[PDB]
Every structure is written in C-alpha cells, then in structure tokens.
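Here the structure is laid out as structure tokens; the discussion comes afterwards.
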Amino acid sequence: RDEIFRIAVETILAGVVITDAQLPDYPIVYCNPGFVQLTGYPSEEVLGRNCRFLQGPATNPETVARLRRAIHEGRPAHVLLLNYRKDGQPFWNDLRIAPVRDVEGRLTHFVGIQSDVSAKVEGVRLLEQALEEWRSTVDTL
Amino acid sequence: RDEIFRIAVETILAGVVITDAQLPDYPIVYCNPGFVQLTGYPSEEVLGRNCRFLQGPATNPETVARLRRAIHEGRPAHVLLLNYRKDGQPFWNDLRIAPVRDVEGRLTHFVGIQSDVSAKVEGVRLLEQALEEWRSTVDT
Amino acid sequence: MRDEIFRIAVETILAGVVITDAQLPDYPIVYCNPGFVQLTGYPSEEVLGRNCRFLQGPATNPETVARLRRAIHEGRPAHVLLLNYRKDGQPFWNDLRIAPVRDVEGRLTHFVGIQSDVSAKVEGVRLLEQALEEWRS
Amino acid sequence: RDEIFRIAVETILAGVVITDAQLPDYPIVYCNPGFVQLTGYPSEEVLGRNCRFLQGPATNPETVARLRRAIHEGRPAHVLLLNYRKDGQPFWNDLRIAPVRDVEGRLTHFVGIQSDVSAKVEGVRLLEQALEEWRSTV
Ligand SMILES: Cc1cc2nc3c(=O)[nH]c(=O)nc-3n(C[C@H](O)[C@H](O)[C@H](O)COP(=O)(O)O)c2cc1C
Ligand SMILES: Cc1cc2nc3c(=O)[nH]c(=O)nc-3n(C[C@H](O)[C@H](O)[C@H](O)COP(=O)(O)O)c2cc1C
Ligand SMILES: Cc1cc2nc3c(=O)[nH]c(=O)nc-3n(C[C@H](O)[C@H](O)[C@H](O)COP(=O)(O)O)c2cc1C
Ligand SMILES: Cc1cc2nc3c(=O)[nH]c(=O)nc-3n(C[C@H](O)[C@H](O)[C@H](O)COP(=O)(O)O)c2cc1C
C-alpha cells in the first residue's frame, strides 16, 4: 500500500515536501523529484533544512509571517509566495500546506504542495497592463 | 512513514487515482478528494470501476486508443482528453499515468494524476481571439 | 489646384469624417467622406442634410450625448466613446472627436467630426476580461 | 465650398501633409498643426523637406522601399512605419498616402495622413507576449 502512495507522490510534477513538526525548525524530511525540478535544489541539499531557503529579495514578509503563524497554530494554509531557484531565477509558488496528525491528535508533520504559476501570473500582469492602458484612455474620453 | 504519503495525496487538489493492474479491467482502488471535486463523483461511486466512465461521445478515440496501448504495454503516458462530470459538464483532463512495479518487477498498479486544464485551454483561445481583434485595429 | 487637394486629403482619411453646417438649423451634415459611408453603412445621399444623431439608438448613453451636445452649443472640442448603430441596425462603438471650425472673423461656421469604429478593441477587452475570470477567483 | 476642407484639415489632430510630386525629392509644401504636434517639428523645419527625416535606426527598410515604389508609380499606399519625433522619441505612424492628379491626369502632389497608433501597437505587443507565457502552461 504505502509503497504505492510514495510512488504516487514521486509521480506528481508539483513539488511535494514533508516536514517534521516535532523537530525544531520544521525540517524537510522528504521531497519528490518535482520539488527538485521546481527549485533546482537536489534532495541532498533539501533534507534537514527549513523551506525558507527558497525565499529571496522581493519575497513578501507579510506572507511569510502569515505562513509562520499558520504553522505554529497547526493549521492549513494556501498562499502565493515569491520564491527563487538555486540559479537565482524568481518563480511564483502557489503553496498549500496541511497538518498531519496521528491517532492521538498530535501534530507530527506538515505536507506542502508547491506549484510554479510564474507563467500564469506573468500573463495576467501583461494582459492587465495592456488593458489598464486602454481603460485609462476611455477615462479621459 | 506510510500514511504520511496518503495524507500528502489527500491534500493534493489534482485528481489522484490508483488502478489495480492485476484485477480485470483495471478497477480504481483509490481516489483522493481532489478527484471527487474534479469529476463530481463521490468516491463511493468511483471505486471498483474503470476510469473510462469519465469518457463520452466527444472524447477523441485516437487519444483513448493511444492511452489503451500504453496501459496494455505497462508504460507511462500523458494525454489531453475530454471528460465529463457526473452532471454531464464537459472538461479538459490533463491525464498522466505511471506504472507501479513490485520488487519482482511485476506490474501491480497504475498511478493516475488528472488536472482540469479547461480554464488554461480556453485562456489561450480567448487571448488569441482578442489578439486578432486588436490586430484588426491596425491594417497590417 | 489648392482647394481640391484638401478634398482628396479628407477622402484619404479612412476614419469617418463629417462636416456639419453650424449655421443651418439642426447642424446638418453638408459633407461626409467615403470612410463614414463604410463605417455607418449609409450612402452619402441618406446622410447629407441630416443631424448625426440619426446614428444613435436604444442603448446610446444619454450622459455621453449630453456632454457632446453641451460642447457643440458652446463651440468647443470634444472627444467621446459613443454607441451608434449602422443602417443595417448593427451596433458599433464610435470613437468620436469633434472640433469647431471658425472663419477669419472667428465666427463658428462648421463642426468637423472624426469617427473611428473601435468595436474590435472593445471586443478584445471583453475576451481578455473573460479569460481573467478564472484567475480572479 | 472647398475652402472648408482646408480649415477642417487645420483642426484635425491627425497629421496631414502635401508633397509636390514634380519638385526634386518630393518636398513637403504643406503641413497641418496636427503634424507639428505629432512629430514635434515646427512647420518651418518641415516645409521643403522630404518626410524621410522622421525615419531612424529601427525603421523597417522593406516598408520604406514598398512606400518608395508606390510613390514613383504614382499609386496610393497604406503602411505602418516607425517614426521619430524631434526629441528622438519613436512612435508608430499609420501612414496613408494618395496621389493627386490634374485634369490632364498628371501627378502633381501626394496627400499624406499620419496617425500615431503607438498605443494600439503596444497593446498588441503585450498580448503577444502574454500569449507566449500562457502557451508555456499548455
Ligand atoms: C510543508 C511546508 C512547506 C513549505 N514550503 C515552502 C516553500 O515552498 N517556500 C517558502 O518560501 N516557504 C515554505 N514554507 C514556509 C517556511 O518553511 C517557513 O515556515 C516560513 O518561512 C516562516 O518563516 P520563519 O519561520 O523563518 O520566520 C513551507 C512550510 C511547510 C511547513
Ligand atoms: C490510473 C489511470 C487513470 C485514468 N484516468 C483516466 C481519466 O481520468 N479519464 C479518462 O478518460 N481515462 C482515464 N484512464 C483510461 C481508462 O481507464 C482506460 O484505460 C482507457 O479508456 C483505455 O481504453 P479502453 O477504455 O478502450 O480500454 C485512466 C487509466 C488509468 C490506468
Ligand atoms: C461634427 C459632428 C459629428 C458628430 N458625429 C456624431 C456621430 O458620429 N455619432 C453620434 O451619435 N453623434 C454625433 N454627433 C452629435 C449629434 O449630431 C448631436 O449634435 C448630439 O446628439 C446632440 O444632441 P441632439 O442630437 O439631441 O441634439 C456629431 C456632432 C458633430 C457636430
Ligand atoms: C505625402 C507623403 C507623406 C509621407 N509621410 C511620411 C511620414 O510621415 N514618415 C515617413 O517616414 N515617411 C513618409 N513619407 C515617405 C518619404 O517621404 C519618402 O517618400 C520615402 O522614404 C522614399 O524613400 P527615400 O527616403 O529612400 O527616398 C511620405 C511620403 C509622401 C509622398
């Protein structure tokens, strides 16, 4: 059974991580190949580290703060956060986190699903830029 | 360190299913909540069935056949396919399958990951159509 | 030539061009270029000697017509986006700019209006806004 | 009257020029205030020059050549061309030219209509760029 759920995660293209919520600083104890391709970091450089290493220059500190609180309160969270690949390229990370609890209700882990939506959001920005330039002229008219 | 993967799959929004390659006609033995939302079918109405119940008259037979061949040859595949929700609502399904083999190298299951990319397909079509409209404001 | 050249210039404008007589009652159209004929679908016979309001229809924004009328009576220029209708009853968005025409004594004699169908650009916007619905949710 | 057309041309925001097809190098004999505002050149720096002075490094040679042909063949033409204002600021010129013949059928002038369509173009460019992006996704 379990073998097959692992292989399901291994098959997913989105980044999947599991962090240990009973160790200090919620270290990554698993990542899938999709996380390697998404971030540019091999697993050897991922395991045992907090995910915050993905953050960079323009990452929004408010979003990081909202994420921090969710985790410390053992709650799910779904944010869009600016992250950076190992090569320094920025990417927009549609990030979802969910707590894992055992039969006693003890928080043991977090799961995290990371999806690159750079292309999608970049297309919005350009479309909205073209469209704002138009509606501004219709405002004068 | 086994149920943690299950939970990870449970939280995946994209549809995830597992079919049993040993049982006849590859019955679905698992689907996450993501699949229930995608298809409109509660898991109780999904389990035990072949995924072809998502197909309908407008599904491209060439895509289906190509997929059938990959599965009979125990190979991975990736296809864009028209599916139907329980309510008949059509959608574009970005379907990727992967074989699962035990340590003996026997094929025991397929993993299926389905994403509704309807909005993405429409987005391109709409943006292309808009482009033409705007290009029409300038002769040449 | 001299006068005639400018005539061919005005005829070269693909954009609709009308000259209205600002002395005659009801500011009638005295001239319209071929571009205006193509835009509206009205031949020059069915245009010349009519007020341009014949282009307006059920959904035409009364506010826009009001701002447009004000400037005219005040011999001032104006630029508006207005819904008009073609002879075949087809609606179109009219990017309309009008300018007053004064003689050597500075007396308002005519108006000059330039019409451009921007229906395509509006349509494109509609298509983009529709494509953004998905993301916006 | 036909004196109307002239004063009308003087109001239009769009550029209007007349060139003499008989004189050497098709000089501009007339430009409206719109042409002055569009190009940023006072009419004294316009009249008696060929319109090519608006062209610059990024101007497409194929378009220029296509235009040159039509002018020598005494035909109409309609092109979209990159021009430069006096300040060195580029703009997209929708250029519509027509030949003016006399009663003999002899070519005497050209009428030029210049419209700044930069915004329209820049709109198309942003969409094309957005489409590259959204295509990646699929
Ligand atoms: C399962 C999981 C996955 C995470 N994935 C990411 C991620 O991909 N990118 C990111 O910037 N932060 C991610 N985080 C959040 C950070 O690891 C961290 O909790 C956050 O930056 C709080 O900052 P601080 O604790 O250093 O103040 C993830 C957290 C968890 C629990
Ligand atoms: C794991 C897995 C997931 C599948 N998911 C879908 C799906 O979401 N939609 C679909 O139309 N077919 C899906 N299929 C394909 C059908 O189950 C079936 O294999 C296909 O139609 C083969 O052709 P046949 O129906 O003629 O045998 C999936 C197959 C597997 C093994
Ligand atoms: C030069 C000129 C061009 C005009 N072109 C248009 C036009 O293309 N479409 C339109 O609906 N109204 C146009 N108008 C406005 C109408 O002719 C009219 O002045 C306006 O609707 C004023 O309100 P009324 O029609 O109720 O008097 C134009 C006016 C002028 C002076
Ligand atoms: C009426 C008229 C208007 C023109 N307006 C422009 C213009 O606005 N911008 C431009 O770059 N060229 C314009 N041209 C083109 C040039 O004047 C010239 O014909 C062309 O560049 C020929 O190539 P040459 O420069 O190698 O002689 C115009 C030509 C005519 C006849």
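A, B, ... follow the sequence lines: proteins, then strands. Residue 1 opens every chain. All ligand and atom numbering here is 1-based and tracks the order in the structure. These numbers come from the heavy atoms of this one structure, side chains and all, not from hydrogens, waters or symmetry mates.
At distances below 3.5 Å, not a single donor-acceptor pair connects side-chain atoms of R75(D) with backbone N or O atoms of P99(D). Checking side-chain atoms of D2(D) against main-chain N and O of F6(C) turns up no donor-acceptor pair under 3.5 Å. Under the 3.5 Å distance criterion, the side-chain polar atoms of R125(D) are left unmatched by any main-chain donor or acceptor of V121(D). Put simply, the side chain of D21(C) never gets that close to the backbone of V30(C): no donor and acceptor are under 3.5 Å apart. Of the possible polar contacts, none joining the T19(D) side chain to the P27(D) backbone as a donor-acceptor pair under 3.5 Å is found.
A salt bridge is absent between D95(C) and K121(C); no separation between the charged side-chain nitrogens and carboxylate oxygens falls under 4.0 Å.
Within 4.0 Å of ligand 4, heavy atoms belong to protein residues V17(D), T19(D), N50(D), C51(D), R52(D), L54(D), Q55(D), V64(D), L67(D), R68(D), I71(D), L81(D), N83(D), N93(D), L95(D), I97(D), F110(D), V111(D), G112(D), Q114(D).
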